[PDB]
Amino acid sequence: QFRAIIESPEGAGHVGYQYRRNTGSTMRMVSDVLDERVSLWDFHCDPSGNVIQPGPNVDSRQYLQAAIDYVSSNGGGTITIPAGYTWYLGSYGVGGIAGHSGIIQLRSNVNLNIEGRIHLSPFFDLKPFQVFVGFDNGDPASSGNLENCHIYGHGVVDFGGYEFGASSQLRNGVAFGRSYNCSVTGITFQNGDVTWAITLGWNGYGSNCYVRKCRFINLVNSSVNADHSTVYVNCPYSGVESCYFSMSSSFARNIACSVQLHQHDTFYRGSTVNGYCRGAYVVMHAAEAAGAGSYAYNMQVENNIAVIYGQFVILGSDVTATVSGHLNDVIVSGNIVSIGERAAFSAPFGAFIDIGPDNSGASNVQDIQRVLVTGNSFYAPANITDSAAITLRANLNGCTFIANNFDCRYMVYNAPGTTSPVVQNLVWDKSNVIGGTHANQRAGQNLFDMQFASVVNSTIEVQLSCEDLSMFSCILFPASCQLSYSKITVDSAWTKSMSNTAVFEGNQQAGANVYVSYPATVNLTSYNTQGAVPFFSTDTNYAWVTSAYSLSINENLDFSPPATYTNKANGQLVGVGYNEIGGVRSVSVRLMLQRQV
C-alpha cells in the first residue's frame, strides 16, 4: 500500500510539502501546489488517462474543451497551451456554439495563455468556422454573457491557409460574444482566408473589451472571400491599441479593412497597417443598436501608421424600419497614412476620410456630425488620380478639418453625376496644408470639386503652398449646388497665373450670406480727367463685389490705377486713381475680389 499509493494518481497527494521549510507555512501536499496551475496536458489524454501527443493527426479540440469546462466549474483560472508544440483542431464543437460554426467554447473567468501554436486541420478546408466562441446559444439574442475572459501570450493561431469555399461563409478567430471585460494580448493570427480575426461584443452588448499588441498577418487569400475586417468592435468602452496588421494578397487591397468601430466610446490607437484596402470604419448601424443605444459617439482614431489602397477612415450611419443610427463626437488625429503604389483606379477610390453611403447605396439616411480631423498626414503618389483628402459621397451634417497636411490629387471630391449629398458644417481651416506631389497632374480637374446638392454653414479656406497651373480651378461649384451661409476663400499665393481660382457656375457667390474672396484678372478703363480720376471695369459681372484691391504692380509713371475698388449697380467695379497727366487709360490688373470679407 505505501508504494502503490505513491505510484498511483493520488501519490502526489501523499507527499508532504512546506514552502521553503518555513515552519510558519501551510503543511501541504505536492498535489496541492501542482493544482495551483493547469495546462492542456492535464486534459489531453485517452479514455485510460494516458497522455496523447499533439500533432497533425490528432484533434485536440475535445481536450481543450474539457479543460475549459473543468476550470470554469472551479470559478476560473488560466489554462496554458504549452510552448514547443502545435495543437491542431480538427472538428466542430457542439451545443450553443454550433450555430456559429464554433470550434471551442470560451467560458467566463477562464483565461487562455497561448504559448504554443494552435493550427486548423484540413477538415476545415472550404468550410466556415469560428475558432473560439463566447456565445452560449446559437441565437445571439438568447445567449448568456462572457465575462472576464483573456487570451494572451507569445503564441500563434494559424488558420491553415485554406480558402473559403463560398462567399456566403463566415470565418473568425475569436468571437467573444456578449462580452464584458474580455481581451486578446500578444497573439499572432496568421495564414488564413477569414472574415474577421476578432470580434468584440454583439449589437452593443458588452463592455471593456480590448485587442492589444496582437499581430494579424496574411488573413485574406482568395477571390471567394466576400469581405474582411480584422477586428470588429461591437460593444462600447472597447478598442484596439498597439497592433500590427499586414496583408500581401491582391484581394486584400480591394476588400480588407483593419478595424470596425461600431459603438460608443471606442478607439483605435497606435497601430500599423500595411496591404489593406481600408483602415477603419466608424459607423452606427441602426441594425446594431440594441445593446448600447442609437448613437456612436466618443470615437477615436489616433496615432496610427498606414499604407492602404482605398480609404483610411470611413464614416457612416443608417436606419432600419424602426431605428435610426447617429454618429457624432469623433476625433481622427496624429495618423500618418499613404496610398500605396498602384495604378489609378485599380482599387477603391483613395481617400483619407470617406463619407460613405449605407450598405445598400443610400446617401440620404446619414446623421454624421461633430467630427474633428486634425494633425494628420496623407500622401498619395502623383499618378493616383483617385486620391482625395475627403470623398464626400453621402449626406454630411458636419466635419471639421484643422492643421492637417494633405498631399493627393483632390482636397474635397465627389463624383459628378453620382450622389448629390446635402452638406452642412463642412469646415476646412486655412491651417490645412495642401501638398505639391500632384502639381502638373490636374488638367481638367478642380482641387475642391463641390459636386453636392447643397452646401450650408461651411468654410473652405484654400491655401496653396506651390503652383499648380494645370488645375482648372482651386474650387468649383456646379450650378446644381446651392451655396448659402458659407465662407469660401482662395489665398492669392501661387495663384497669379491661374485663369480660374474660384468658380461658381450658378453665380452662387452672390448670395446674401456668402462670404468670399479670390483673385481675378480685370480690365479697366479710366476717364480722361487729369488728377484724381475714376477707373471702371469693362465687364459687368461684379455686382456681388463689396471691395477689391490690386495684386499687380503699376509699370506706368504718368498715372496709377486705384489701389482699391468697390462696385456700381450695373456690375462694374469702380475706383479712384490718379492721372499725373490727363488721358484715357486702359489697364489689365490682377485683383483680389472680396464679398463681405
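Residue numbers here begin at 1 and follow the sequence given.
- Stretch comparison (545-553 versus 55-63) by mean CA B-factor in the PDB entry places 55-63 on top.
- Higher mean CA temperature factor between 141-149 and 100-108: 141-149, per the PDB entry.
- As recorded in the entry, 94 carries the highest CA temperature factor of 456, 94, 475, 259.
- Ranking 250, 338, 274, 195 by the C-alpha B-factor listed in the PDB entry places 250 at the top.
- Among all modelled residues in this chain, the alpha-carbon of residue 484 has a temperature factor (C-alpha) in the lowest third.
- For residue 567, the recorded CA B-factor ranks within the highest third of the chain. Only modelled residues enter the ranking.
- Residue 236: CA B factor in the lowest third of modelled residues in this chain (values from the PDB entry).
- For residue 127, the recorded CA temperature factor ranks within the highest third of the chain's modelled residues.
- Residue 227: CA B factor lies in the middle third for its chain, per the PDB record.
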